[PDB]
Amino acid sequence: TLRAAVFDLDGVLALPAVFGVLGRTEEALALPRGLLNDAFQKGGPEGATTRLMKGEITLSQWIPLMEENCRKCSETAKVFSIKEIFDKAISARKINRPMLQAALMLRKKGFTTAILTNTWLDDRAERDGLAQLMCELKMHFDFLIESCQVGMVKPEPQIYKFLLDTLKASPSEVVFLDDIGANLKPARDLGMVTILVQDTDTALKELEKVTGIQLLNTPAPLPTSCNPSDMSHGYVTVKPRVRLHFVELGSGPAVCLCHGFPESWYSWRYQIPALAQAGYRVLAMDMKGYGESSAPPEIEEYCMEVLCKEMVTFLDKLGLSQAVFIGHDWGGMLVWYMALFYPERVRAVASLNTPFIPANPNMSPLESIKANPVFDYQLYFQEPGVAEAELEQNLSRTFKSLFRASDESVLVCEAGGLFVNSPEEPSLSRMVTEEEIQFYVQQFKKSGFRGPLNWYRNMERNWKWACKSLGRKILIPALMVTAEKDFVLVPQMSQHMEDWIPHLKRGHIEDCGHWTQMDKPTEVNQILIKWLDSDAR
């Protein structure tokens, strides 16, 4: 019975193989057939290539040794840069997405996965390209065994016993995929299930046949999520009693993600890996009042002016002159005001669902809010302690009731609460796992709902502050993402935004409810990456 799956890198998880370049160069340059493949293989287990693969020498030391082997092979046959050929071959090699997806599905079903590869110590000036590829790939496997790190190469029998010992599995429990028949043989001899990989489709057909798990023709997978315990956690004190916590991933321009109510940095779990992979340094906040960030009890600690000043202090303390600010729900309203009051500090601004809403100077914000009845539920949030009591009463019930797709609603507010005619034990939304709900439950045990609710308790102060910006326009790069099925933050509420943000760009997600990030993560990622790459560097 199979319990582990092992994959080769070149020609299996990454294509085109760095090998099918020696053959192409030969054909493109009309050289005698196999000449470059000969020079690459010269000396066998004693030659330059075996030394490179075992980590005895680096790639840069190997380049002149391969060049010398090439002249010797040309001399024998009786008949230009090796560096250039390999540089081009390495940069053209991309992850084989269907093969990676099959490895991901096997691990999700309980398989132990590993990459076993004959590789080198890359010290070329262009080494970052390969470092990036290996870093993206390795995260998805339990083990990465590199020949140059273990000082053993395939087909040597000891690398296979080393593999078995690493997996803590007997050979019959292992399926082993390789594109080189010679490197597959010792695995076969030990009793492992082997797959000679030529075309991906046939290899996966063989793989699904042996595992009894569907790998081909599967539904589109969700983007990579985050495991909290595996993230880098950052903490910045913005003032004596207030610290802000964030999760941080990637390199490049800073992108600051600002969640809504009643959420977490974790609401961005499907965005963080995708944006980091796209070339950005992601800073996913726990907003003031939430998770590991401070939660002072005072209502005025949560007015927009205070919240924005603290996010500016956050950038100051991290040594960031700017960040792109992306917000959802309350976080989306905060980001529009960051763009209006601190344009110097905002590289670009994007909001999911929340439109930019200016103050009406001729109407009280209480009059104005009552003219938009979808917000009647926010009146229930006004009286201190009332909504805290209901929402803190059963956290699992609170999160399972709230985090539901547009057609899964279980929730007027003069019924006497948000959960009056709601189930005491709601079903789990198709958007979340029980484990994800328990993460939110755990986060909210620290400070509960007082700080989060206080974000709604500053209408008058926020209106006075917003009035200072009535003569301004938002002229920095901006994106408004509407969600078809958000019944509170409806797409039509954003219709006047071009009057204030003339250069505004848009995105729109059909069949998407309020919880945009987890409702339509692939779509959110596609929209944000496209906009960041075109408007935020």
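From 1 onward, residues are counted along the sequence shown. In this text, the rigid core denotes the largest set of C-alpha atoms whose superposition between the two forms falls within 1.5 Å.
Annotation: of the segments 460-468 and 374-382, 374-382 departs further from this form in 9 other deposited structures of this protein (C-alpha atoms, root mean square over structures and residues, core superposition). Note on 413-421 and 85-93: with rigid core alignment, C-alpha atoms in 9 other deposited structures of this protein sit farther from this form for 413-421. In the deposited sequence, the stretch from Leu411 to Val412 hides 4 to 9 residues that have no coordinates. Unmodelled stretch separating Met363 from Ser364: none (count of deposited-sequence residues without coordinates). The PDB entry reports B-factors from which the mean C-alpha value can be compared for 413-421 and 391-399; the larger average falls on 413-421.
Checked against the record, the higher mean CA B factor of 467-475 and 24-32 lies with 24-32. Comparing the listed residues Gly55, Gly507, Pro491, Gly43, the entry records the largest Cα B-factor for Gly43. Per the PDB record, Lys88 has a higher Cα B-factor than any other of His233, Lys88, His140, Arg269.
Ranked within its chain, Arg97 lands in the middle third, by CA B factor from the PDB record. Annotation for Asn183: CA B-factor lies in the highest third of the chain's modelled residues. Per the deposited record, the Cα B-factor of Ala14 falls in the middle third when ranked against the other modelled residues of its chain. In this PDB entry, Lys168 carries a Cα temperature factor that places it within the highest third of its chain's modelled residues. Among all modelled residues in this chain, the alpha-carbon of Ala5 has a temperature factor (C-alpha) in the middle third.
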